[PDB]
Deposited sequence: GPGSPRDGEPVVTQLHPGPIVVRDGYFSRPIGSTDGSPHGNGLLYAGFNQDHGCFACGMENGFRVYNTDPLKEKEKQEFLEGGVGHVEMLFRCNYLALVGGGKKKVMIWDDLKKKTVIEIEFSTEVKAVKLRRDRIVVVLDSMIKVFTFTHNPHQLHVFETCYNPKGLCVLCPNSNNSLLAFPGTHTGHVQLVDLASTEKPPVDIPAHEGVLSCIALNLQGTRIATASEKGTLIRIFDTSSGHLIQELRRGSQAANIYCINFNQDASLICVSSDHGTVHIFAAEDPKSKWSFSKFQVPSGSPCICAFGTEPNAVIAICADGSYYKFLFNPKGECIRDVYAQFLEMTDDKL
């Protein structure tokens, strides 16, 4: 009955959308925090805000967004749209709603109102990243020119946007590091992962997954953005050295969304079929399976 799963902003937690509601977990160690069997229509998307009491929920038909106060156990805000809502991103002062062709920014008050609209290319995957840091309101998304990422500063919206020619074809994945300073992107060819500085838009690192094609599902940095982990559509997760001088291949591999765990040599993986894996690795790339659990039960 699982419809969606995503990590929160520091990957300390993940949240799942169910046909019968939603669930919130602590990532490492795997501990279920809350469950809400109450929504009959289910939720297709769930966004957290670190470990705060609010979640953003995408309704049954994905037409309405619901702001859920879990300390009050109630929807306190509802925003209805005339298009499918593909994704929602939160920071302390902003609610960002991703439609398949545009992104719409609202205040985060008891009665939100619209602030900005941003045209995107066709964005059925709802790709978007939003830094939540107090000193960095970076918002990034697929530009109208296919394969380019547009970077906007929500604290300084009068500027012109930075435009990164990340790929020549359709983007498939975009991730942001914890410091808001690096973005990693991949296209549907999935052959190169490319990491860019967010204030200048210039290439920092390019990694090779393989000459062959495999569809990226998720990318994530570790705490200091010295490693990244990547999951592929044939039950495959690679990790990479992110600040190595030259262009490099995968440090390590193992056999879905993925993030680094509590310990700096730990990696977590959560699968659409209900599986949860924790793996441990070595400076040289040995990958040990540590935990397997069916986290839905």
Deposited-sequence ranges lacking C-alpha coordinates, in sequence order: 1-41, 297-302, 345-350
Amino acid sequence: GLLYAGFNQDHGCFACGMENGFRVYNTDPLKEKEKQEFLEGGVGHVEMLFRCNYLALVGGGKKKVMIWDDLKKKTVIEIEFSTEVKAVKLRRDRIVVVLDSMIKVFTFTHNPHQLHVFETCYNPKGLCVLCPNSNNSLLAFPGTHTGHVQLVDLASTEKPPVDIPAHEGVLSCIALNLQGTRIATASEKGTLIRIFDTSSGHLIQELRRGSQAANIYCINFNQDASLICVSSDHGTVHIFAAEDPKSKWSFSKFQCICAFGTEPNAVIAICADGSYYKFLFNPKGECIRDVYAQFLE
From here on, numbers count along this sequence of modelled residues.
49-57 set against 268-276, stretch whose average Cα temperature factor tops the other in the entry: 268-276
Of 88-96 and 151-159, the one with larger mean CA B-factor: 151-159
Peak C-alpha temperature factor (PDB record), options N123, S137, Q212, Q205: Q212
Chain third (lowest, middle, highest) by recorded CA B-factor, residue given as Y4: middle
B-factor third for the C-alpha atom of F81 within its chain: middle
Chain-wide C-alpha B factor ranking for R289, given as lowest, middle or highest third: highest
Ranked against its chain, the third holding the CA B-factor of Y217: highest
Entry-reported Cα temperature factor of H110, expressed as the chain third it lands in: middle
